[PDB]
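The chain below stands alone and is given in structure tokens; this is the form deposited without the named molecule.
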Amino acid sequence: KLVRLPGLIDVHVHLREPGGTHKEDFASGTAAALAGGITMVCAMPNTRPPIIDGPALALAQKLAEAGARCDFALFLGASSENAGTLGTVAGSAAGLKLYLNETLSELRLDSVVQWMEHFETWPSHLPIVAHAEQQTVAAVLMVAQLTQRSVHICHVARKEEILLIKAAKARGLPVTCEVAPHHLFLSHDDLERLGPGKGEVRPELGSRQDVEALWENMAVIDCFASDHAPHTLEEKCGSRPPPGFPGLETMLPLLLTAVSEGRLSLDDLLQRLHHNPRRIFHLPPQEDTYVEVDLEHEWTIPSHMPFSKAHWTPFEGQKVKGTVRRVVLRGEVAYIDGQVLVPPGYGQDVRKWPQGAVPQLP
């Protein structure tokens, strides 16, 4: 009755450690990942302190090695000060992350010249990822061409954005992109229900026409990634709600529902949650690692999923068909039917594996 899948990869998660551990930490976030059929995550650098230099990366790496229950890589974050300073640690990171729209004080870039400096100084063989909305997608693509390298665009959310990327790919430009589940399964039609606080997310929820354009242009989407952005309900409902949805525990159930409805194939799903993440970020295979799912079980997403400390979900009330039954990670049962069974610290930094280093010319 079950289906065996390879170990799935989420290349865009915010696990909030160090500095935001009331929202989530490595142990709780990777528990959420395992319960969602995810066995490897790439953690974003907008923590407190942000991962914008070698000492912060060193700290975050040890916190993750001690807290993570699944395997991981850590992004470095581009700042207005660190271009040309990351060469020694660059290869130990998942990649470099550029935050090109409204963001946290330390990751804010004031000028496209600062983008150029990062594209010019970051090692040419290592991944660069950009949070780039609307015309920013076009702008960062221009910077990538001027510096003659590739770029990966995070959470594409709009018809405008996916059609621009489509046009770039038609010209042979080296761009890849990812889409998050809330931009495939939620729209403006849901804002009435969510409210202005819970509904706050960046990129914001799109129109029904945005959602339909993403599905119509599935061929253009290289990866699915949750953009797991845990904030507590108190923060989402308060005066200055931060953007973001939790999503690790709901991503695969939502997508398996789409597969069961014929909206995409099982292969389409596995290209976007396994093969393409591997090849874009040069992430290594995980030995004796697999996920068993039940495609027949129908359930309704509750007000909060078991594991994320976010303790809320924007998908509450949606009917889904598909559930993660068992996860085996490197030969150990990591998850069965609502219980995580590997301790904090079982997870490892895949960039330290010999097969996890990005190949490079001498």
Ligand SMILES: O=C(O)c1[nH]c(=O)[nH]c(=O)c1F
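Position 1 is the first residue in the sequence shown; the rest follow in order.
If you look for the form solved in complex with the named molecule, you will not find it shown, but the lines that follow are about it.
Heavy atoms of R149 never reach within 4.5 Å of the named molecule in the entry with it bound, leaving it off the interface. Although the partner is absent here, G244 lies within 4.5 Å of the named molecule in the entry with it bound, judged by heavy atoms. Although the partner is absent here, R202 sits close enough that one of its heavy atoms falls within 4.5 Å of the named molecule in the entry with it bound. The closest non-hydrogen atom of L256 lies beyond 4.5 Å of the named molecule in the entry with it bound. Looking at 226-234, 207-215, 77-85, 114-122, the stretch with residues near the named molecule in the entry with it bound, meaning non-hydrogen atoms within 4.5 angstroms, turns out to be 226-234. Using a 4.5 Å cut-off to the named molecule in the entry with it bound, each of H14, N46 and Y99 places a heavy atom inside that distance. Only one of the listed residues (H274, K198, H282, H131) places a non-hydrogen atom within 4.5 angstroms of the named molecule in the entry with it bound, and that residue is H131.
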